[PDB]
Amino acid sequence: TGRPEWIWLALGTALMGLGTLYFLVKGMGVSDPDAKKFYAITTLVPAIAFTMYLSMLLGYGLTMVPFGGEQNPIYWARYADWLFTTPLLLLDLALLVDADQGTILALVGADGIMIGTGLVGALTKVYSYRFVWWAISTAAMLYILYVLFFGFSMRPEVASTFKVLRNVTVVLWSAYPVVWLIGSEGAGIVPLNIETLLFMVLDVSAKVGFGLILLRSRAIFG
Amino acid sequence: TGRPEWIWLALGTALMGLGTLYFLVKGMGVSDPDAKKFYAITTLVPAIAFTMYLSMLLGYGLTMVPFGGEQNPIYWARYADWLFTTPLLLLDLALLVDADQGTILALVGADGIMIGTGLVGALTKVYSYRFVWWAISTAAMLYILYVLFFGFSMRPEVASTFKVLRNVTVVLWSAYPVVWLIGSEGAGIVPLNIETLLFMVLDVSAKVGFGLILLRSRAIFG
Amino acid sequence: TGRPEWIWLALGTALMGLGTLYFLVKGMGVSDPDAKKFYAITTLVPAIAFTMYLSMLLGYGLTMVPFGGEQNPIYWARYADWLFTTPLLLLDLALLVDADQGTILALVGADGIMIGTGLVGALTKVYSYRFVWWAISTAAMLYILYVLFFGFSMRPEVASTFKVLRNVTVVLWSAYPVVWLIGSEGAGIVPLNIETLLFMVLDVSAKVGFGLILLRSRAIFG
Ligand SMILES: CC(C)CCCCCCCCCCCC[C@@H](C)CCCCCCCC(C)C
Ligand SMILES: CC(C)CCCCCCCCCCCC[C@@H](C)CCCCCCCC(C)C
Ligand SMILES: CC(C)CCCCCCCCCCCC[C@@H](C)CCCCCCCC(C)C
Ligand SMILES: *C\C=C(C)/C=C/C=C(C)/C=C/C1=C(C)CCCC1(C)C
Ligand SMILES: *C\C=C(C)/C=C/C=C(C)/C=C/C1=C(C)CCCC1(C)C
Ligand SMILES: *C\C=C(C)/C=C/C=C(C)/C=C/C1=C(C)CCCC1(C)C
């Protein structure tokens, strides 16, 4: 359509759509309770991402925010996505290591603060304060990874699986704050169609790529 | 008042109001833990519905959406209702059969997608895409019922009670997509005051009627 | 800045900020699972309050609502705060007494109704109905305290700790409906900068003061 980034919003829609169906079909048969939990959490992520990617493609998940003497197109639907999918992804990691709820509660709530403050920053009409919310949001992210590393006798199937997904999680997640900072939301460096491509490549890897590495392992069974 | 559908918004308010009070009083005494769970979930549903029905009566839960060359009155407060009351209703059914959390997590999250995509459809300004969100929302509904039927050795008190409420649940819930499709939200076939009556009759049966059949049985005790 | 209440929004920001850091540092070391739960819930409260207090200071968590022939400044960010922090505070009390989930589910859901109806009232454009939502919201509050008192063999460390926090909870919480009624949201009696001071003093006591009395006791360990 009229927006150059349309193609990446369409490709993301498409890829999130087929990953859900792939994980749906694969969960066909599963009766192991715990396996039943990873399949639930992991199928719902691109399911949710699917709808939010489609709401961006179709124009609904977009809004104008004025600042720097311009009217900026901001896709708020990403934060409706992450708000639910990022604790679900952290949920996947925690269950995996059998995290006590005290740690789960800090992960989920720090996660909500990260996204919520991510969202406020995205919609704030005063240019410099946008970067204050980013920083707060980055401290929550930097908190989660900390617990991801020093916040946790596991079976060696869960460990390796865990180490794999923890590194894939730090590398992709830590790229989101960078992308936002240089993109349309912040400094206006990287064009909106390139950032939409970066977020698409990260989203698909963080959800479907993350999902294929997880459900492909016996780490999920009890 | 000025809106013809006012009378059904007032009758729903009223009926949701007295069902909460009826279930509140009835839970007076209950000390059985599990009974304590069905009473919690089941009292909260028309409690929440009460407030959302009243916000519609008083005008707050309503907004204009433009499309088809008209300004359409859309009651968004229904989705604030369902978003919380429909997982609670599915929660009632699951606990009842002692569903593993893997199934509960898929039910609740598929439910959120159904309502959330229901909501996006309701507020989308491009007429044909309204029907795309409906369809997605109907696939999630059709998913839940599937699990409602083929997604689950229970005591025979829970089974019969369960079968009763599962059929009452498929019959009423499956009517909501029909009503939306022919009503103000979609094709503009059935007038807004008639749809408001249909949703009122379904809501009251799905919550209070569903609640009286459930808490009236010993299926709820352990 | 230009708003006289700025100073109290800045002082609250500041105090919520240092209480989080204080509780964060203190949770450093903790490995007792249950202790890990009170520290999670209790650190997140002024953490969340911090962000919401800052969004009010910076102007984002504020909006104009017209009524009584005036344009009223309403800080909606308080309800984004409470919506998450008040069930967390009730969560702290319940875990403490080892509440069955039936009671927890009624507490959290009655709490959501209190805040949600608090919020609707705050944004309602018809002056008298504002007071209807308050009343409904006060019935939910009056419900929670009821369960706080007659809705529950505990260790005597939890009891005393519990009694302490239950009284501090009834006294501060019951003051919020009073403040709203006489402030900018309702009758327009107490000026906005004084109410912002009252809510600040209550918020800080209800969260950080409440937090220091709680985590300072061995009531939290198993
Ligand atoms: C295992 C199978 C069935 C996978 C296909 C399911 C559908 C969706 C795509 C899943 C594949 C992607 C791998 C995850 C990791 C990433 C680095 C992908 C980034 C996106 C770029 C697109 C290139 C590959 C694809 C078109 C599959
Ligand atoms: C069991 C007692 C105490 C019930 C009364 C509580 C208050 C509210 C109404 C509950 C009754 C409704 C039965 C549920 C099923 C439905 C098919 C009702 C659809 C609505 C139509 C109204 C007709 C009946 C009523 C006015 C009670
Ligand atoms: C125990 C220590 C480390 C406390 C300091 C942490 C930082 C924030 C403030 C915490 C102290 C407040 C006590 C809680 C109860 C209240 C009645 C406070 C109401 C607010 C008024 C401000 C006066 C005191 C303070 C500046 C500490
Ligand atoms: C779709 C899932 C991922 C896993 C998306 C994760 C995104 C982030 C981790 C976001 C962090 C951001 C920060 C830290 C800085 C402000 C802006 C963001 C919200 C993009
Ligand atoms: C009040 C409780 C019920 C139990 C309301 C349930 C409503 C539905 C199940 C909604 C489904 C819809 C679909 C499937 C299609 C789009 C529009 C709806 C959201 C009404
Ligand atoms: C920050 C935490 C506290 C503990 C804030 C609690 C606030 C209340 C308990 C609110 C109740 C209100 C009622 C009962 C009346 C309508 C307006 C309020 C939402 C302020």
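FYI the Cβ positions are ideal-geometry reconstructions off the backbone, even for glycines, and counts take in every protein chain you see. Bear in mind these aren't lab numbers, they're just calculated from the coordinates by the rules spelled out.
Observations
- Global form of chain C, assessed from the alpha-carbon gyration tensor, a/c cut-off 1.5: oblate
- Label distances, nm, C:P73 versus same residue in remaining copies, Cβ-directed 7 Å point: 3.5, 3.5
- Rounded, prolate or oblate (a/c below 1.5 giving rounded, otherwise prolate when a/b exceeds b/c) for the stretch B:57-102 by Cα gyration tensor: prolate
- Charge tally around B:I213: other residues with Cβ under 12 Å, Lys/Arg +1 each, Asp/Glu -1 each, net +3.
- Cβ-Cβ distance of B:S160 and B:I189, R₀ of 45 Å, FRET efficiency by 1/(1 + (r/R0)^6): the value works out to about 0.75.
- Alpha carbon centroid spacing (whole Å) that separates the stretch A:159-191 from the stretch B:140-161: 41 Å
- For A:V65, residues with placed amide H under 5 Å, excluding near neighbours: A:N72, A:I74
- Modelled FRET efficiency - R0 51 Å, B:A14 with C:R218, Cβ distances, 0.05 increments: 0.50
- Each residue of the stretch A:182-191 is assigned a 3J(HN,Hα), and the resulting list reads 9, x, 5, 6, x, 7, x, 5, 6, x Hz, derived from the Karplus form 6.51 cos²θ - 1.76 cosθ + 1.60 (θ = phi - 60°), x at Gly and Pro.
- Across the stretch B:1-69, the relative contact order, built from alpha-carbon pairs under 8 Å that are at least six residues apart, equals 44 percent.
- Across the identical copies, the 7 Å label point of A:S31, projected outward along Cα→Cβ, sits 4.1, 4.1 nm from its counterparts, in ascending order.
- Per-residue 3J(HN,Hα) values for the stretch C:37-51, derived from phi via the Karplus relation 6.51 cos²θ - 1.76 cosθ + 1.60 with θ = phi - 60°, read 8, 5, 4, 5, 4, 6, 6, 5, 4, x, 4, 5, 4, 3, 5 Hz in sequence order (x marks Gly and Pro).
- ³J(HN,Hα), Karplus 6.51/-1.76/1.60, whole Hz, each residue of the stretch B:106-122, x for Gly, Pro: 6, 4, 4, x, 5, 5, x, 5, 4, 6, x, 5, x, 5, 4, x, 4
- For chain A, the number of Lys pairs separated by eight or more positions or lying on different chains, with C-alpha atoms closer than 22 Å, is 8.
- Gyration tensor over the Cα atoms of the protein assembly as shown: the corresponding equivalent ellipsoid has semi-axes (square roots of 5 times the eigenvalues, largest first) of 32, 32, 31 Å.
- Taking a ≥ b ≥ c as the square roots of the eigenvalues of the Cα gyration tensor, the stretch A:132-222 is oblate, since a/c reaches 1.5 or more and a/b is not larger than b/c.
- Projecting label points 7 angstrom from Cα along Cα→Cβ for B:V171 and C:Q71 puts them 5.4 nm apart.
- For A:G209, inter-copy separations between label points set 7 Å beyond Cα along the Cβ vector come to 5.1, 5.1 nm, shortest first.
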